[PDB]
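Engineer: Structure provided below as structure tokens; questions to follow.
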Amino acid sequence: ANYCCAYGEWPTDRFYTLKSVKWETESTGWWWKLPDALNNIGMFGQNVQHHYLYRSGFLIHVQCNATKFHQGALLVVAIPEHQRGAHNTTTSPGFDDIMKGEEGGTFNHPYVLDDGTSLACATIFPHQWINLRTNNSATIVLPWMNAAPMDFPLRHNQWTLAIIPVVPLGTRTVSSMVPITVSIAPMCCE
Amino acid sequence: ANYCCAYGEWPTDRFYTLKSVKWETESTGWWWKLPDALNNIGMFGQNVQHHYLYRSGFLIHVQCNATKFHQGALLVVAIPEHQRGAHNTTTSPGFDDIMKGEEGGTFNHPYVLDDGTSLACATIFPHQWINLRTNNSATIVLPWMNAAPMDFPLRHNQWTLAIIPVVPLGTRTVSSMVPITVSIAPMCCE
Amino acid sequence: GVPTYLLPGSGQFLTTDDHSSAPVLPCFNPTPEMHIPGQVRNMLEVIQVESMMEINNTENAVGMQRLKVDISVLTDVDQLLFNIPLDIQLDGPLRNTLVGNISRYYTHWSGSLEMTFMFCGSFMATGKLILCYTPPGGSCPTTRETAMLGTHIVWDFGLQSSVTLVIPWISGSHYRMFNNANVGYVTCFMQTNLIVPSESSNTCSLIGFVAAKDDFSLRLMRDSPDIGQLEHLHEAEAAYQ
Amino acid sequence: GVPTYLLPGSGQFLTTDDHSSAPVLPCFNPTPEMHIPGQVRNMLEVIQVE
Amino acid sequence: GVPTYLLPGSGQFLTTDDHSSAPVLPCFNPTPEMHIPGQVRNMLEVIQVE
Amino acid sequence: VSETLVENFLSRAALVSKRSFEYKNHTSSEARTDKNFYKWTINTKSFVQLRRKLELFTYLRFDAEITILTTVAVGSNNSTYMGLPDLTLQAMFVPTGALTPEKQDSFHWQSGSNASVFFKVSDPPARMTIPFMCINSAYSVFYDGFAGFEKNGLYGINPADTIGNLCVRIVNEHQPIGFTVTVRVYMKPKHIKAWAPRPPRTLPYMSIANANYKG
Amino acid sequence: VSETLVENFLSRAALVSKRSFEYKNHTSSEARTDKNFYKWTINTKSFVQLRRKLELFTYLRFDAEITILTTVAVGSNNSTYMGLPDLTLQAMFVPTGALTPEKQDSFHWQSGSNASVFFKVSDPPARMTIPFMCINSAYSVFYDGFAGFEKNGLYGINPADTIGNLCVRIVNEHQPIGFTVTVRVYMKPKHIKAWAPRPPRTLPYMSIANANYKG
């Protein structure tokens, strides 16, 4: 339903549904590195650690469950080669804090995208808007996105799906919670 | 019977048969420099020392006489311009130890081909394999192989036929012997 | 007169440019070339010729013993005979071959290799061997049944004296060339015992060859480090006083 | 020989001129380019994104 | 102006090159040549005489 | 509309590196690796202007044209002006996977495989065009991955790319009088192709190898 | 596939010879044959890199392009820097069967038959292309034969080939101040044809005239 083909390119059907995250009024955001998220689940993960090689696209579906009395806006953006950065040190991020698996991570500074760039300009990447008063779902189709024709799934994350609440969730009660469900369906997985 | 045309070039019938050599379990190999081998036998030798000039190809046939209970592998390789070298000195090899006549010589270090190169890469030269369990004969046809259109047979050896046992001869008894017969037939001898 | 101006980089020696130079002897006529058999026009034809592998990787093996592995009657079944890592630049069985020697003159190599193994036992010697290929993203097998799970060939050398194994296309440039070698292995296991007649020898040997297929590619030529390094040689200064 | 004379401004480095230079590795063949989605040919397309 | 760069070996005297040089007397007309019998065009004709 | 193309936007010569070095009779071990030569790994993420301009894209494919400008001077004034003797300099491009010189008289300077250029101080600046030297189809400005197969690898360092190393030395054997020579390297990308534009950097850079931000 | 052709594989300029020589007022008999000039027989089996690369083939046919790079310096510093006076150098290619100079002022320097080039230090390096100089159709990298007809001949030395001898001198009459000049010779084979490929050398070389191996 109104999918977004990234960069105007259209490259199975398992739709690995990750554990839903809780959107609170103080949430900063969540991110998943696409090859790493599915590296430990399903036939995708089994084939990934069976072979030294991998080549495929992705299909992303993000859905929220909220009532008509809820308000908020989400930016569902897929960042290619989202090389993260540290906040107050010159040392590079480590393997533990980069490869978060299917659990994913949270944005420390969503304003600067944990990269030092601007969130306001993040719309240049393939993205969709989830405004709770108009829609509650977003679908993005991701192409190959690699300089090399071949890649190592266990060492390089080609895509990073980021969900950032631009407008915080709100309702009459001071505490609000709205589940967010992320489903990833690799296509032509190798 | 399944001859090998060297370098894919096909340039009399006397077939001068040299004295057979004895293939033992500890043999390192044998070599004959083709112009020098026939320099002292037959109409070829008579014409060679009659004239100052010589131009012809060669035909090589190598045959072994062994039973089905013998094992071993031979590398029958024709090396063009096989400039030999000494083992532990800076002085060049002498006339006596280069021109061995129809008797021929033996390899001091077959691993390095007495040249300092590798035996493993000697297959780049025109060669045939004699594996006693499959075949016992090898035939090689040698072209002119000289930079100049004319040559002096008494000073320059254009070809060097080498027979090297890669897999040593073996049988139930600790001592083994298998005769090897070499026949050279110069073609269009001058 | 033609008005000209000098660009940056004029009057420089590049050591790589291809500019026509003044003939030192314009009137001299070089000796006409004749047909010499065995002309080499491309170095890829050199590496397509099979050369023997140093399969016997045991440390104590020296010289001729390194080219053959011995199978005896006493060798147990399910025993590893040899393993050949698939990295030509790496020091191993593929090092002192034509493919490895030429490839060490370049930086990036890509293509597929072809291996041939020859059994050099007696005529009536019989037995079975398992030749397994391990892809680069995997661990070298240690047992016969683990090897049997992957791509493998059951070679009966009592019937066929030679077997050919084709390694699939591999890009050595991408697969961990100083990225800071598990590029694939070929191992052999003894499926059955070696059976020989009483008159034959109790030990048989194996010979292996390696060659590059026509899809091989070499790029970014460099200086080969296996020359033995630059030492001054004898009779050098006295040659050109 | 062609008679030539040097114009003013010869042998100067402009830092803005576009003159062909000597290839450092003439025999080297660069890696062929594949299709990568999202190519940018003009920077005006960047500012047209909200 | 034509952009040029100097190759290695420029401004050298080879003693063997064949390059056109500036005539010292462009307006001077040399004496026309007549037919002189016994012309030598190749030195191989000299050694063919016994 | 032509001025704002990617090729025109990025193809501007910039002083990627500038490093002087003395050379006075360095027979002793004074200033190891700086006796009479200097080396510089060819990386584009050295000056913040070029960093910010290039980091507007994810993948780049270009040929780097290098012009070397050298000046010689002395402040000692131990004798008369006497001019400046003409020195010949050697600039060798050592690509990845090759050995770089460690001393001024190392045998790597005469390798015969690494491309080298010999130029004089009085000559116009030397120019060379380094081609697209990468095993992949494009350079990775940002790399969301780890170099080595072991977990100790560095984040963001692509073992691909790595254009190469540039070494410059004084060919002349050390003259009786020492001198200070300054070499300026200007790189101008050519035939540029760009993919996947990215938000501009907003925070000051913290390192040349990390995307770390202050704040 | 073009990079791995024989022409590209072998046609790389290499420092075949490098030899400095003093020239200070050599009126006396000091350093005979090294007073103000040096000679170098043009042989390709001088540097091990080129030896191993060329010895991959049995027969070769190529034209050698020679570029001469000369630098002048002094460590005495007996006076001010005063620059380096421009010296003119003569490089004469003496082919086989011709007489080579024995002294700097020998009449062979003005033979009129040997090709000679005059160049200045401040000029760009001098380049000359020596053609295929052999009585046979190809050079013999390996020669399984003896040079002379008598048995005292040397093994492996072809009386053919023998490209020639290269001599370089300082044309200027000895100036009051002596100087050290270093001449670097770079040879780049061109139009290369190769025949009969051979196994690569595996053992270190023992001599420039023998195929002797250590081990």
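Simple scheme: letters A, B, ... for chains in structure tokens order, numbers from 1 for residues in each chain, numbers from 1 for ligands in the order shown.
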Could you tell me which residues of chain F sit within 9 Å of chain G when counting only C-alpha atoms, and give me the result as a list in words?

Structural biologist: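 Per the criterion, chain F yields residues 25, 78, 79, 80, 81, 82, 83, 84, 85, 86, 87, 88, 110, 111, 112, 113, 118, 119, 120, 122, 171, 172, 173, 174, 175, 176 and 177 of chain F.
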
Engineer: How far is it from CA of residue 135 in chain C to CA of residue 52 in chain A, in Å with one decimal?

Structural biologist: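 Interatomic distance here is 7.9 Å.
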
Engineer: Rounded to one decimal, what separation in Å do you get between CA of residue 199 in chain G and CA of residue 172 in chain C?

Structural biologist: 23.6 Å

Engineer: Would you please work out which residue, of F:54, F:89, F:6, F:117, is nearest to residue 8 in chain E when using only C-alpha atoms?

Structural biologist: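 Smallest distance to residue 8 in chain E is found for F:117.
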
Engineer: Identify, with DSSP run on backbone atoms, the residues in chain D assigned to strand (DSSP E), and express the list as an MDAnalysis selection string.

Structural biologist: chainID D and resid 4:6 39:40

Engineer: With a distance cut-off of 12 Å and only C-alpha atoms, select the neighbouring residues of residue 20 in chain B, excluding the residue or stretch itself and same-chain residues fewer than 6 positions from it, and output the selection as a VMD selection string.

Structural biologist: chain B and resid 30 62 to 65 102 to 104 177 to 183

Engineer: What parts of range 83-132 of chain B does DSSP call helix (DSSP H, G or I)? I'd like the answer as a list in words.

Structural biologist: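 Across range 83-132 of chain B, those assigned helix (DSSP H, G or I) are residues 95, 96, 97, 98, 101, 102, 103, 122, 123 and 124 of chain B.
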
Engineer: Those selected residues, please, written with N, CA, C and O atoms and delivered as a compact mmCIF listing (two decimals), in the first residue's frame.

Structural biologist:
```
# COMPACT_ATOMS: atom_id res chain seq x y z
N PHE B 95 84.06 -27.49 -20.80
CA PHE B 95 83.75 -28.26 -22.00
C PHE B 95 83.59 -29.74 -21.67
O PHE B 95 82.69 -30.40 -22.21
N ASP B 96 84.44 -30.27 -20.80
CA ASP B 96 84.38 -31.69 -20.47
C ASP B 96 83.06 -32.05 -19.80
O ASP B 96 82.47 -33.09 -20.10
N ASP B 97 82.58 -31.20 -18.89
CA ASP B 97 81.35 -31.50 -18.16
C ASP B 97 80.11 -30.95 -18.84
O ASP B 97 79.01 -31.13 -18.31
N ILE B 98 80.24 -30.29 -19.98
CA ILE B 98 79.09 -29.89 -20.79
C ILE B 98 78.89 -30.84 -21.96
O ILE B 98 77.79 -31.37 -22.15
N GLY B 101 78.83 -36.08 -25.08
CA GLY B 101 78.72 -37.01 -26.18
C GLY B 101 77.47 -37.87 -26.09
O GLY B 101 76.48 -37.52 -25.44
N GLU B 102 77.53 -39.02 -26.76
CA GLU B 102 76.40 -39.94 -26.76
C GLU B 102 76.21 -40.63 -25.42
O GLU B 102 75.15 -41.20 -25.17
N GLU B 103 77.23 -40.60 -24.55
CA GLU B 103 77.07 -41.17 -23.21
C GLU B 103 76.05 -40.38 -22.40
O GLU B 103 75.23 -40.97 -21.68
N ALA B 122 58.99 -27.15 -15.06
CA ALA B 122 59.62 -27.62 -16.29
C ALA B 122 58.61 -28.12 -17.30
O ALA B 122 58.98 -28.35 -18.46
N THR B 123 57.35 -28.30 -16.90
CA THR B 123 56.32 -28.74 -17.84
C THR B 123 56.00 -27.68 -18.89
O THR B 123 55.30 -27.99 -19.86
N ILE B 124 56.48 -26.45 -18.71
CA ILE B 124 56.28 -25.43 -19.73
C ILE B 124 57.03 -25.79 -21.01
O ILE B 124 56.64 -25.38 -22.10
```

Engineer: Give one line per residue of chain G that approaches chain C to at most 6 Å, naming the two atoms of the closest pair and their distance in Å to one decimal, counting only C-alpha atoms; sort by chain then ascending residue number and deliver it as a Markdown table.

Structural biologist:
```
| residue | atom | partner | partner_atom | distance |
| --- | --- | --- | --- | --- |
| G:4 | CA | C:43 | CA | 5.7 |
| G:5 | CA | C:42 | CA | 4.2 |
| G:6 | CA | C:42 | CA | 5.3 |
| G:13 | CA | C:15 | CA | 5.6 |
| G:40 | CA | C:240 | CA | 4.5 |
| G:41 | CA | C:240 | CA | 4.9 |
| G:124 | CA | C:11 | CA | 5.5 |
| G:128 | CA | C:22 | CA | 5.4 |
| G:129 | CA | C:23 | CA | 4.9 |
| G:130 | CA | C:24 | CA | 5.5 |
| G:132 | CA | C:30 | CA | 5.7 |
| G:137 | CA | C:33 | CA | 4.7 |
| G:194 | CA | C:40 | CA | 5.4 |
| G:195 | CA | C:39 | CA | 4.0 |
| G:196 | CA | C:38 | CA | 4.8 |
| G:204 | CA | C:228 | CA | 5.5 |
| G:207 | CA | C:234 | CA | 4.6 |
```
